[PDB]
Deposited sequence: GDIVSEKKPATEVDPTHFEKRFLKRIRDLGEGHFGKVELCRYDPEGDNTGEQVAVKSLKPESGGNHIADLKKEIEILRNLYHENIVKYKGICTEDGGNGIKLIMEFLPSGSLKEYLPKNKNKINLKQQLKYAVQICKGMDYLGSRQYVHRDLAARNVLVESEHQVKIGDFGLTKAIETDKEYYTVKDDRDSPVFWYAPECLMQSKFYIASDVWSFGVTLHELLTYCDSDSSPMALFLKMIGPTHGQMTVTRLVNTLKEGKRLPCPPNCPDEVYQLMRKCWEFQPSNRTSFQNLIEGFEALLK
């Protein structure tokens, strides 16, 4: 009777797709007929408490409707699993290295526009994402990407400008704006900073040796353990930023630099990025 209800007994694990820290996503076939013709779907579950977190993520995803956000399909049930559409091309981390010859600058900018549109819609629902990275963007096709994970997404209070973070143990610090690193405050403009880092990743086709962590650990030093974040904040205070990726026109690098203004309120917005990209595309 309910198409968003997936019975556990028919949910067959095929393989792993990716891991967060407390959750993983697996490829499954939902095969109620039993002849291996059922649909393939992506299944997020917890690692053996964060049940409430997954439930909150489910309720967020369930109510987002946008062509650049991965489709909620249903739930499999204390314990619960999130069921999403499967995108065979995987994330940008998997896809870009294998399709460099296919994806030129024009196409890269189209991806960037689509990501900005997904993030802008998200911001309009009063959510901050907090995990924007090439690894969380899924490829629907050569012509379309979708933001594909919302494990850290949080609502911002009405008449408040940020969400204050409490659990930060497993933060993606090389994607984080200073206000997040120093004060654990997350503005929509912090997602913008993160978009800047994701855009850099896009422009280097997610080559691991040009990854934001790799390049940042070159600048400051790779062997500071507990002092890494402090040295990262210093670097950003001193105005050091990631360099222009190879083959990236200056005009695109300036858009990127606007995502990286030290003060949140002086950063560009997603609507402005979209305009800047659309102007370079015409």
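- Where C-alpha coordinates are absent, the deposited sequence of this PDB chain has the segments 1 to 12, 61 to 64, 94 to 97.
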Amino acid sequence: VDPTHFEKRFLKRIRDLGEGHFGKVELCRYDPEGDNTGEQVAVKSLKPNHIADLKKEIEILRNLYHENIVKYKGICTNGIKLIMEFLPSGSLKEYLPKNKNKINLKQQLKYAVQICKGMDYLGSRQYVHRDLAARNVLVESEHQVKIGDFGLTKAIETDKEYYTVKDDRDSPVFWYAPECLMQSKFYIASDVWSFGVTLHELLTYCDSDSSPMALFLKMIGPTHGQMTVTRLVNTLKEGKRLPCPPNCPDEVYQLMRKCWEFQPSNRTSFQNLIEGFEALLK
From here on, numbers count along this sequence of modelled residues.
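We call the rigid core the largest set of C-alpha positions that still match within 1.5 Å between the two forms.
- Using the rigid core as the fitting frame, the root mean square C-alpha deviation in 9 other deposited structures of this protein is greater for 10 to 18 than for the other of 10 to 18 and 256 to 264.
- Larger average C-alpha displacement in 9 other deposited structures of this protein, relative to the shown form after a rigid core fit, is seen for 157 to 165 when comparing 186 to 194 with 157 to 165.
- In the comparison with other entries of the same protein, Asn78 is left without coordinates in at least one third of those covering both sides of it.
- Among other deposited entries of this protein with both flanking residues present, at least a third omit coordinates for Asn49.
- Stretches 36 to 44 and 229 to 237 differ in mean CA B factor, with 229 to 237 having the higher one.
- The PDB entry records a higher mean C-alpha B factor for 216 to 224 than for its counterpart among 216 to 224 and 59 to 67.
- For the set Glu157, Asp120, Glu140, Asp131, the maximum C-alpha B-factor listed in the entry falls on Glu157.
- Between the residues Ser91, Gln114, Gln108, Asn78, the entry's highest C-alpha temperature factor is the one at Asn78.
- Sort the chain's modelled residues by C-alpha temperature factor and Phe174 lands in the middle third, per the entry.
- Ranked within its chain, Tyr163 lands in the middle third, by CA B factor from the PDB record.
- Annotation for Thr198: C-alpha temperature factor in the lowest third relative to the rest of the modelled chain, per the entry.
- Sort the chain's modelled residues by C-alpha temperature factor and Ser210 lands in the highest third, per the entry.
- Per-chain ranking of the deposited C-alpha B factor places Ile188 in the middle third.
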